Every structure is written in C-alpha cells, then in structure tokens.
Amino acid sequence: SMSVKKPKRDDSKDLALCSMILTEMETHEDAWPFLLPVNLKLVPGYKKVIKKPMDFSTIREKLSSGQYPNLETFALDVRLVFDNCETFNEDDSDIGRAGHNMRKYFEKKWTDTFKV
C-alpha cells in the first residue's frame, strides 16, 4: 500500500528476454501459421468471429516499439495467438496441432525464464 512495497524484482532484462523467447517462437518449424496476420479478406468468418486477431509479427512490432507495459501484457498477446487458433481450427488439423505444440513450447520457456 502507500510506502509499503515488496522487494523490487529486477525487471531490467525482461525486454531482452521476451525478445529471445519470441525469436525462438518465430524459428520453430510449426510457427508458420502464426508468423503473419491472418488475411481477413481471404479467410471467410475470421474477422467476424475472432474479435482480437494476433500474430508473431504483430507481437514483434509491439515489442520493439515499447507497447508492452510489462511481462504479463506480452504473455497475454502470445496466449491470444493460440486461443484464437483454438477458436477457429479443429484440434485434428495441421494448424490446430501447430497451435497446441507452440503453446506448450511457449509456456515452458515462460516458466523456465521467469519462475525459475
């Protein structure tokens, strides 16, 4: 509360660390469905259904331009990519399997990096 704070976590490396994680996401062989925005003119239903589209290039742009106030807002965008994927694609589809794989991949990195 006022004048009463938990010990200050060193947040000085977060930006570099999230960049690293994102670079690992981008180079994974199953990233291809998530590298660029879904093309809303060419994918019927997507615009109507998926209220907040998100993709790795957009996350990258937001990151490099200081648009994530903190760690968690970055994780929320990454998770949104996979929540969107789940909403639109069947689990038993190539893109549905990519999404599950990439989420698992992300959450382990997230844990190893920010929760020891």
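Start at 1 and count along the sequence shown; that's the residue number.
Query raised in the report: Which has higher Cα B-factors on average according to the PDB entry: 104-112 or 7-15?
Result: The stretch with the larger mean CA B-factor is 7-15.
Requested in this report: Take the C-alpha B-factors listed in the entry for 63-71 and for 76-84, compute each mean, and give the stretch with the larger one.
Outcome: For C-alpha atoms only, the mean B-factor is higher in 63-71.
Requested in this report: Please place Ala31 in the lowest, middle or highest third of its chain by C-alpha B factor as given in the entry.
Outcome: Bottom third by C-alpha B-factor.
Requested in this report: Could you tell me which third, lowest, middle or highest, the C-alpha B-factor of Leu42 occupies within its chain?
Outcome: According to the entry, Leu42 has a C-alpha B-factor in the chain's highest third.
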